[PDB]
């Protein structure tokens, strides 16, 4: 390695090092000192920032130094500790990506039952166990394989992992550790892309119809449970409970769980849409509408039934003609509007605007999606060349050159610099605490 080369690489990866340390350390201190940031969401980013911090302060610098000098000078035990720390931290980063992806998936697909158990305790337990499984997966074999085999194979002055002898070995580990997590993450991500609409429908109908896990008597008097699930119009409090037990599958005794309310809601809403597509009057307009207004009409069918909604003849035609304001005014003439005005006005605003403004704002959530997509894409592109190089090195011996190995190994470190720069700068509270910390002027 030439002197100019050494100076350039050392300076640049130095800068990248202190940028990683500064960023992730700022996440840690901001979380510690600002209670507004002490959210379960930020538990995960704190753990990620611990991994990226470890990588930023030890890994990039020891690896860049050993690569520039050409030999390892800190000894065998320091070598083993460095590789153990690097692989444990990196596998931890992957594991936290998986944990975030699953957390988001369950938050969208089980918006009621999962959100009820997203407690700081459970978050801390699963973060800690992600780190535990990373450590168990990498540290024992990196440090003690030499004593178990009986001799240390790695040359004096050099530093690498002994048990990754064969390229097929390291490619199997690359599948378990990288490829399968990446595929699971992507399949999730897409699944959330295809489920946000159903969650918005669920939350809309929970706002309008309410949620009770104990049976109550509705407007007309009949017995209902869950999110507006009517059991039976009979007057017998146990004629209701028998149909409840038949609907869930256990002796309900009148009380259900929130995931049973989610199951009951899914059966109800699927029945609503399936019926809509069976009804000759509602199918044309439902087909003509976008997703949000489709949700408004699903709302009306949930409240009044298909015959009752089909009774809105002229307003439904105005909906088919995209005459939103005239349809709003016309639906305001209805007894429906005069009997449940607060819900009817929300539904009407949904028809008029085609947005969720009458029910909820999704700005912060959409930006959180942008942040997560940025993080995972940075991960994929900075980590993919190395694992592709493993994949190739299994089929062919020594195709990929040593320079390429060095660069692809070094590139996996960069997403540790990128991760805090995603949520931190464009997310408020983080930005403001970063500012007041870098100013040394934080007094609560």
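Positions refer to the first chain, counted from 1.
State which stretch shows the higher mean Cα B factor in the entry: 221-229 or 316-324.
In the deposited entry, the stretch with the higher C-alpha B-factor mean is 221-229.
Per the entry, where is the mean C-alpha temperature factor higher: 230-238 or 342-350?
It is 230-238 that shows the higher mean C-alpha B-factor.
Which one of 171, 102, 131, 302 shows the top CA temperature factor in the record?
Highest C-alpha B-factor among the listed options: 171.
Sorting 296, 358, 123, 215 by Cα temperature factor from the record, which one lands on top?
Of the options given, 215 has the highest CA B-factor in the PDB entry.
Taking the chain's C-alpha temperature factors as the reference, tell me which third residue 12 falls into: lowest, middle or highest.
Its C-alpha B-factor belongs to the middle third of this chain's values.
Residue 157: which third of its chain by C-alpha temperature factor?
It belongs to the highest third of the chain when residues are ordered by C-alpha B-factor.
Could you place residue 284 in the lowest, middle or highest third of its chain by Cα temperature factor, using the values in the record?
For residue 284, whose C-alpha B-factor we compare with every modelled residue in the chain, the answer is the middle third.
Ordered by C-alpha B-factor within the chain, which third holds residue 407? Give me lowest, middle or highest, please.
For residue 407, the deposited C-alpha B-factor lands in the highest third.
Ranking every modelled residue in this chain by its Cα temperature factor as given in the entry, which third contains residue 32?
For residue 32, whose C-alpha B-factor we compare with every modelled residue in the chain, the answer is the middle third.
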